[PDB]
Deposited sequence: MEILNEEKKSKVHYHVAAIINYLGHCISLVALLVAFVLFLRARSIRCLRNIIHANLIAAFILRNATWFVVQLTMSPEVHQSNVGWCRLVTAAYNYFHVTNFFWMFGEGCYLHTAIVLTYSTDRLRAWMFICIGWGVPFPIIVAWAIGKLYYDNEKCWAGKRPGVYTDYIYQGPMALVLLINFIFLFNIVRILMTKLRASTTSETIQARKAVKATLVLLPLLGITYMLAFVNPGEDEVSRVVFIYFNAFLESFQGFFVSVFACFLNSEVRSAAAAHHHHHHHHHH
C-alpha cells in the first residue's frame, strides 16, 4: 500500500539521478575531446608542460569513456556472474582512476621543479610516473582480488576486507605529497619571489590560484563518499542529486582548468 507509492517515488528520484549522471559524462567527454585536439594542434605541443597537460587530458578521456562500459556491468545478472570480461572492465576503470591521481601529482611535481631549478627527454620521467607506476599497483590489487575477494566483478563492497587499500593507499599518499608541494610553492612565492616576474613566475601564480579554485570543487566529491546521508526525504534527494552533478561534471571542470593554464 502506501509503502509501494513511497517506493515508486524513490525510483523516480534514482532514475532522475541516473539521467544527470549520463548527461554530465557525455558533456565532460566532448569537452575533453575538444580540449585534447586543441592541445595537439599547437606547435607548443613540444614544450614539456604541454606534454604533461595532453597526457593528463588523455588519462581523463580514457576514464570517462570507460565509465560507459562500466554501466553495462551494473546489470544484476552480470554483476553476480563475475564473468571474465566483467573483472577486466573493473580493473581498467580503477587503473585509469589511479592514473588520474598520478598525473595530477605529475602536474604538482613539475610546478615545484620549474620555480626551483632553471623537453622530450625529461618527459619520460612524467610518463613513467603517470602511466607506469600505476600498472604494478593494479596488478597487485588484482592478485589480491583473486585470492581473497573474487566476486561481483571486483566492484563489491564487503566489510572487513581491505584489498582496495592496495590501490587506494597510493592515491592518498600522492595527495599528501602534493599538499607539501603546495605549501612550499606558496611559501617560496611569498618570501623569495615576492618581487619576481620571470615568465615561469607569472604562469606559476596562475597555477596556484587555479589549483586553489579547483581543489575545493574536486574535494567535496571525495569527502561525500564517506557521509551517511540520512532518512529525511529532503536529505536523501538532495544528497543524491548534488553528488550526481559533482561526480559527473568532474571531467568538464578539469578540461576548463587545463585550457586555462594554456594561456
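Counting from residue 1 of the deposited sequence, the stretches lacking C-alpha coordinates in this chain are 119 to 121, 267 to 284.
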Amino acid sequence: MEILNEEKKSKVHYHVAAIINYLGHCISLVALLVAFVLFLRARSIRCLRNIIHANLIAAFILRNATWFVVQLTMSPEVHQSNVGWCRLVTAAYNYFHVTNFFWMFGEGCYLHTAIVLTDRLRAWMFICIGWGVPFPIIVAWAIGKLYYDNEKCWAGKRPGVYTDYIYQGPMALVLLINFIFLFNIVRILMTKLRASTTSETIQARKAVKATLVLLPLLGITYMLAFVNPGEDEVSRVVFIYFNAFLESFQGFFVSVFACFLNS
From here on, numbers count along this sequence of modelled residues.
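The deposited model assigns a higher average Cα B-factor to 183 to 191 than to the other stretch when 183 to 191 and 91 to 99 are compared. Relative to one another, 8 to 16 and 21 to 29 have unequal mean CA B-factors, and 8 to 16 is the one with the higher figure. Annotation for 48, 34, 42, 57: 42 ranks highest, by Cα B-factor. Placement of the Cα temperature factor of residue 66 within the chain: lowest third of the modelled residues, per the deposited record. Annotation for residue 249: CA B-factor lies in the middle third of the chain's modelled residues.
Placement of the Cα temperature factor of residue 133 within the chain: lowest third of the modelled residues, per the deposited record. For residue 124, the recorded CA B-factor ranks within the middle third of the chain. Only modelled residues enter the ranking.
Sort the chain's modelled residues by C-alpha temperature factor and residue 118 lands in the lowest third, per the entry.
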